[PDB]
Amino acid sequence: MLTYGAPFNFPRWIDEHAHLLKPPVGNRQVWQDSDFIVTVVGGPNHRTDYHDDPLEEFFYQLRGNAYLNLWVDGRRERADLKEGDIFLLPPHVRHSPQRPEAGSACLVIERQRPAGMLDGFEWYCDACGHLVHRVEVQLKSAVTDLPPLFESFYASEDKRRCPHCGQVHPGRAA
């Protein structure tokens, strides 16, 4: 009845998965088919997408430092995840995590989205701050659901084109 197995040492698990906690994979989920989505995210990694999570997101930056690019109160903010920091993100706060350091490790906890509760993935214009493109998705497996989403944005100048000032978003790298 211990569907998720017995307790196990977390720092050693992180050490054993260090080759997954770097490009191109970067992150690895701890338990499968659970309501709590428990993930360890490594580095380095940079991204331009902002996530609109309809539920809360918990962060515990166990090793190394990272930071979150955020939209707060209509203003573009930064929240540092220094080593040892914990943080709870409220639903729908747009966030774009940047992880500059190799060997870094962050525990991220989410939970499964019920049917009909959609996740949003957004990009914003560096020139005028307007929203450039949003895709909503019924998230079942981020590891595989999202790479094709991101790739389709990078590949389309039309998706990347700002509707306000016409500036074409750079795509993959800022």
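From 1 onward, residues are counted along the sequence shown.
A.B. asks: So, looking at the entry's B-factor column for Cα atoms, which has the higher mean, 66 to 74 or 130 to 138?
C.D. replies: That would be 66 to 74.
A.B. asks: Higher mean Cα B-factor in the deposited model: 22 to 30 or 103 to 111?
C.D. replies: Higher mean C-alpha B-factor: 22 to 30.
A.B. asks: Ranking the modelled residues of this chain by C-alpha B-factor as given in the entry, is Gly116 in the lowest, middle or highest third?
C.D. replies: According to the entry, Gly116 has a C-alpha B-factor in the chain's highest third.
A.B. asks: Rank-wise, by C-alpha B-factor, drop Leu55 into the lowest, middle or highest third of its chain.
C.D. replies: Ranked within chain, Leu55 CA B lands in the lowest tercile.
A.B. asks: Could you place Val38 in the lowest, middle or highest third of its chain by Cα temperature factor, using the values in the record?
C.D. replies: For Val38, whose C-alpha B-factor we compare with every modelled residue in the chain, the answer is the lowest third.
A.B. asks: Ordered by C-alpha B-factor within the chain, which third holds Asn45? Give me lowest, middle or highest, please.
C.D. replies: Middle third.
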